[PDB]
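Peer 1: Just the starting chains for now, same placement as in the complex:
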Amino acid sequence: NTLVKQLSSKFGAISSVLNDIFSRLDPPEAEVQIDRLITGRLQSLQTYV
């Protein structure tokens, strides 16, 4: 349940939905936002493991 609920964290990004980020901004900021999101989710996965 904690692993599922961790998906709703912005991790310093504008939003927690990748599609909104890709359809709202221009790539150069999109890569850094999704990189922050991916790093946070990978850290959560490693902790769970």
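Peer 2: Arrived safely. Numbering: from 1, shown residues only, chains lettered A, B, ... in the order given.

Peer 1: drop to CA atoms for contacts and neighbour counts, all remaining ones
Peer 2: Will do.

Peer 1: Could you check how far residue A:24 is from residue A:13?
Peer 2: 13 Å (Cα to Cα, to the nearest Å).

Peer 1: Same question for residue A:26.
Peer 2: Residue A:26 is 14 Å from residue A:13, by Cα to Cα.

Peer 1: Among these two, which residue is more densely surrounded?
Peer 2: Legend: neighbour count by other Cα atoms under 10 Å for residue A:26 and residue A:13, higher for residue A:13 (16 against 10).

Peer 1: SS state for the more buried one?
Peer 2: When classified by DSSP: H, G, I helix; E, B strand; the rest coil, residue A:13 comes out as coil.

Peer 1: That one is in contact with residue A:38, isn't it?
Peer 2: No. Residue A:13 is not in contact with residue A:38 according to Cα atoms under 8 Å; the separation is 10.7 Å.

Peer 1: quick one: contacts of stretch A:26-45?
Peer 2: Stretch A:26-45 is contacted by residues A:3, A:6-7, A:10-14, A:16, A:18, A:21-22 when judged by Cα atoms under 8 Å, 6 or more residues apart in numbering.

Peer 1: Chain B comes next; put it on the structure above:
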Amino acid sequence: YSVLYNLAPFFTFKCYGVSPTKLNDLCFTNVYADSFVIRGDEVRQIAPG
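Peer 2: Now chain B, sitting on the chains shown earlier:
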């Protein structure tokens, strides 16, 4: 937003939180416009924080 380059472009045009590059496909709840006249030096003063 496509029909805006009828007026001398070369216009300080800065978008915060969104990229205006062909991204007019976003639906907004209610859009507000505030217009006035300032000086050239104080243009940079118009920004968050």
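
Peer 1: once more on the contacts of stretch A:26-45, this time with chain B?
Peer 2: With contacts defined as Cα atoms under 8 Å, 6 or more residues apart in numbering or on different chains, stretch A:26-45 is touched by A:3, A:6-7, A:10-14, A:16, A:18, A:21-22, B:18-19, B:21.

Peer 1: Can you check those residues and name whichever has the most neighbours?
Peer 2: residue A:21 (20 neighbours; other Cα atoms under 10 Å in any protein chain shown).

Peer 1: And it, how close does it get to chain B?
Peer 2: In this structure, residue A:21 and chain B are 9 Å apart, going by Cα to the nearest Cα, to the nearest Å.

Peer 1: Put the alpha carbons of the host helix or strand of that residue into CSV.
Peer 2: For residue A:21, the host element (DSSP states H and E) is helix A:18-24. C-alpha atoms of helix A:18-24 as CSV (Å, rounded to 0.1, in the frame of the first residue of the first chain):
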residue,chain,number,x,y,z
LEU,A,18,3.7,12.5,-17.0
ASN,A,19,1.1,13.2,-19.8
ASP,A,20,0.2,16.6,-18.4
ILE,A,21,3.9,17.5,-18.2
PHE,A,22,4.6,16.4,-21.7
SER,A,23,1.5,18.1,-23.2
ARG,A,24,2.0,21.4,-21.1
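
Peer 1: Tell me which other helices or strands that helix touches.
Peer 2: helix A:27-48 (3 or more Cα pairs under 8 Å, 6 or more residues apart in numbering or on different chains; DSSP states H and E).
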